[PDB]
Ligand SMILES: CC(C)CCC[C@@H](C)[C@H]1CC[C@H]2[C@@H]3CC=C4C[C@@H](O)CC[C@]4(C)[C@H]3CC[C@]12C
Ligand SMILES: Cc1ccc(CNCC2(F)CCN(C(=O)c3ccc(F)c(Cl)c3)CC2)nc1
């Protein structure tokens with residue numbers, strides 16, 4: 001049966017190709033980028049049709065980051081397609097606290113939805129908070145109380161940024177198996193890839209600790 | 001206006017029926033219960049399976065996986081025949097040409113990719129790219145090697161000409177994202193379900209919504225055409241399935257049970273149309289009866305949600321593909 | 001009446017060990033989600049314990065019941081060699097598991113890039129090479145008594161290569177793992193909830209390391225300290241036959257206990273059992 | 001609007017048949033195709049391509 005032998009050879013080579021492709025794709029850090037619009041996705045991509053993939057290597061560690069901003073439709077009908085990504089890089093522009101409800105509140109709602117999501121119960125979120133200098137200018141020109149009415153701190157970097165970070169951390173409900181890595185980013189902060197590398201290594205380490213029963 | 005005009009249609013919905021299909025169909029003997037066995041099992045994919053489509057030869061079948069692969073099998077001998085890599089690994093639909101010379105796919109990239117199969121050199125190259133949709137390509141169905149009908153997440157279906165590469169016709173009217181698409185046997189019309197709990201019957205030649213049915217109460221996920229051609233079946237996330245009639249313009253039968261609380265991912269019909277098979281989020285594929293609304297067996301579950309199924313045109317087999325990267329054949 | 005109770009009580013233990021190891025191997029073979037490097041190491045350990053409890057345990061029980069080893073002398077040598085092969089292979093499986101956990105916990109970059117099933121295959125091959133090279137020297141060089149060689153040279157060589165060097169390896173590897181995991185848990189840390197979770201995780205890692213090290217120590221240490229001291233003081237201290245047999249079977253129970261620690265406590269194996277039954 | 005009302009204007013001008021007639025047609029199709037339906041009755045293994 002020459003035809004059957006050829007079919008068996010074709011199946012064997014197809015299985016080999018599938019296995020090698022799976023091995024290649026297993027050693028890649030899958031990241032899901034987000035943000036409620038002009039939260040700094042372009043800046044984050046530049047410093048590092050329907051879905052955009054950025055494949056970059058740092059310290060011999062590969063990251064493949066997927067942005068679905070151009071995909072405007074019902075999220076729940078495709079969000080599960082990203083179940084199993086290594087981490088979620090949620091981007092929020094600090095300058096959007098006063099802009100209009102608020103873009104900050106829209107970002108908080110999206111963050112809550114994709115954080116407490118049932119396909120993302122045990123995945124970590126690497127939260128970015130962009131435009132710190134613009135945030136400082138905006139808090140000097142107008143108070144933060146517009147975004148958060150129940151606030152009594154001063155219009156300085158420390159208190160305002162700390163309150164924003166705390167508010168974004170409080171949205172997390174899976175404290176048992178996920179943690180948020182908040183960072184503050186400007187147009188000149190070159191430590192963002194270092195921070196994402198640290199977060200990825202930390203989550204991999206915690207996963208190994210859980211697998212061996214030591215976490 | 002439109003809301004007032006819908007009143008007479010709603011009144012006719014109950015005036016033309018004034019009864020239920022169970023009374024008419026309660027005079028026939030139920031067919032013997034069938035215990036389908038997993039004849040073949042297809043392995044080779046590494047991620048969740050999102051779609052499959054039987055070939056018209058009843059033997060080959062294509063399958064789309066989130067790993068970035070579109071595999072083509074030969075279910076009679078279980079051996080692989082093709083494995084097409086993808087530009088985007090976020091594929092959520094696939095289709096087989098009735099001629100078998102083409103295979104479609106698509107997903108979050110908002111572009112329906114057509115792959116030719118009558119290549120002498122033995123590999124696969126994209127014959128055409130159709131990126132006129134602004135949403136994820138939920139479904140696609142070939143009419144021939146020249147024209148296709150896709151349905152995307154931008155609340156729009158589209159009749160594409162492959163050679164032209166542009167939308168020959170655009171079907172608008174769905175409020176939500178269109179998730180399902182079935183073709184009439186004569187291909188003069190087709191029916192498409194969306195997330196607004198509505199299934200619309202569109203004429204391909206004129207590109208106008210000839211009929212509309214609002215039976216479902218949740219997002220429709222699957223749809224199929226009855227072999228007669230004057231009826232179709234629809235399955236949604238409301239843990240129920242419905243049958244609608246083209247000529248009667250009314251929902252005939254509702255398939256539901258207390259042991260089903262999850263959504264329906266795929267539906268299909270048998271050779272005679274007597275049995276309706278539907279795959280659910282609870283790992284199972286249930287075989288119903290189109291004339292009695294009673295189950296005729298539950299297929300042994302996969303390890304994950306069964307995302308697609310397909311009954312062969314000759315009714316000789318039933319394939320089910322699930323999110324565990326396995327394709328089970330039942331006969 | 002005394003020879004049938006001691007036979008049924010050992011046969012029950014042998015049956016329990018065989019069923020446990022067989023269940024672990026069956027769960028690994030009949031599951032696609034349990035085929036990873038960690039579970040490959042655990043399943044190789046389960047196969048080694050199955051070999052122990054199937055080959056060397058029935059004959060050990062026969063020797064314990066029938067006080068006289070009437071099954072020849074070359075057969076006794078063969079069974080002793082197989083026993084000191086399989087037991088040291090189990091110990092080095094434990095050490096390989098510890099070393100792989102250390103690599104995964106210390107180097108995320110290696111864990112992602114270079115990790116492959118070939119690593120587990122190499123670990124198992126090294127374990128079995130050590131086992132064979134420890135078992136073969138007795139083969140190279142009272143009839144009703146089957147005992148290991150009591151030469152001081154090979155005695156100290158085998159005891160160090162099979163329990164003392166592996167003991168130091170596991171101790172240092174798991175200590176560095178303990179410090180690394182403590183560092184990770186402290187780095188991860190309202191604030192009271194976070195510190196309570198950190199303390200709970202610290203107690204959990206302490207308990208897990210304690211279980212692993214106790215299973216190693218309480219099983220094999222009483223056997224190996226005796227195997228080290230008795231050949232040097234043959235007549236200074238009397239070694240009761242009952243106490244020696246209890247120590248030997250305490251060491252033997254490590255093969256039975258290994259699945260209960262590495263697989264029957266593992267969530268993936270529990271899920272596989274629940275799905276297969 | 002005009003487009004929205006046109007989407008359903010032709011729906012009123014459609015011919016609806018009796019549900020009893022539709023059920024009779026479905027029954028006729030099922031009974032005329034019940035014999036050639038491998039999923040209804042267990043197909044003999046001689047002609048079954050999945051022995
Ligand atoms: C549950 C785990 C820890 C394994 C089982 C450990 C215990 C129950 C086993 C291990 C070795 C066993 C001993 C081995 C040999 C003898 C000698 C004879 O007089 C029969 C009983 C006695 C004294 C056994 C009693 C039970 C025993 C101590
Ligand atoms: C290096 C090394 C040496 C010894 C061991 C474990 N050695 C355990 C025993 F010392 C226990 C008592 N023994 C028996 O009861 C027995 C008697 C006859 C037999 F045929 C068998 Cl198979 C066992 C002999 C083996 N690990 C590593």
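Easy rule for this one: first residue shown is 1, then count along the chain.
Method on record in the header is electron microscopy, 2.9 Å.
Cβ atoms here come from the backbone N, Cα and C positions, even for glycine.
These come from Swiss-Prot:
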type	residues	note
BINDING	C:83, C:87	serotonin binding site
DISULFID	C:76-C:146	disulfide bond
MOTIF	C:258-262	motif 'NPxxY motif'
TOPO_DOM	C:66-74	topological domain 'Extracellular'
TOPO_DOM	C:233-240	topological domain 'Extracellular'
TRANSMEM	C:6-26	transmembrane segment
TRANSMEM	C:41-65	transmembrane segment
TRANSMEM	C:120-141	transmembrane segment
TRANSMEM	C:153-175	transmembrane segment
TRANSMEM	C:209-232	transmembrane segment
TRANSMEM	C:241-265	transmembrane segment
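A map of Swiss-Prot features onto the structure.
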| residue | record | DSSP (3 states) |
| --- | --- | --- |
| C:76 | disulfide bond | helix |
| C:83 | serotonin binding site | helix |
| C:146 | disulfide bond | coil |
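It is C:87 that, of the binding-site residues C:83, C:87, has its Cβ surrounded by the most other Cβ atoms within 10 Å.
In the deposited model, 8 residues between residue C:141 and residue C:142 are left unbuilt, and the Cα atoms flanking this gap sit 18 Å apart. A break of 97 residues separates residue C:189 from residue C:190 in the model, with a C-alpha distance of 11 angstrom spanning it.
Panel annotation: around the topological domain 'Extracellular' (C:233-240), residues 150, 226 of the same chain, lying at least six beyond its termini, place a Cβ under 8 Å from a Cβ of the stretch. DSSP assignment over the topological domain 'Extracellular' (C:233-240) gives 0 helix, 0 strand, 8 coil. Long-range contacts of the transmembrane segment (C:241-265) within its own chain (CB-CB distance under 8 A, at least 6 residues past either end) are made by residues 10, 13, 16-17, 20-21, 23-24, 27, 42-43, 45-46, 48-49, 52-53, 56-57, 60, 64, 86-87, 90, 94, 97, 211-212, 215-216, 218-220, 222-223, 226.
Counting only same-chain residues at least 6 apart in sequence, those with a Cβ under 8 Å from the Cβ of residue C:146 (disulfide bond) are C:63, C:69, C:76, C:79, C:80. Sequence-distant contacts of the topological domain 'Extracellular' (C:66-74) (same chain, six or more residues past either end, CB-CB distance under 8 Å): 3, 59, 143-146.
For residue C:76 (disulfide bond), the number of other Cβ atoms no farther than 10 Å from its own Cβ, over all displayed protein chains, is 19.
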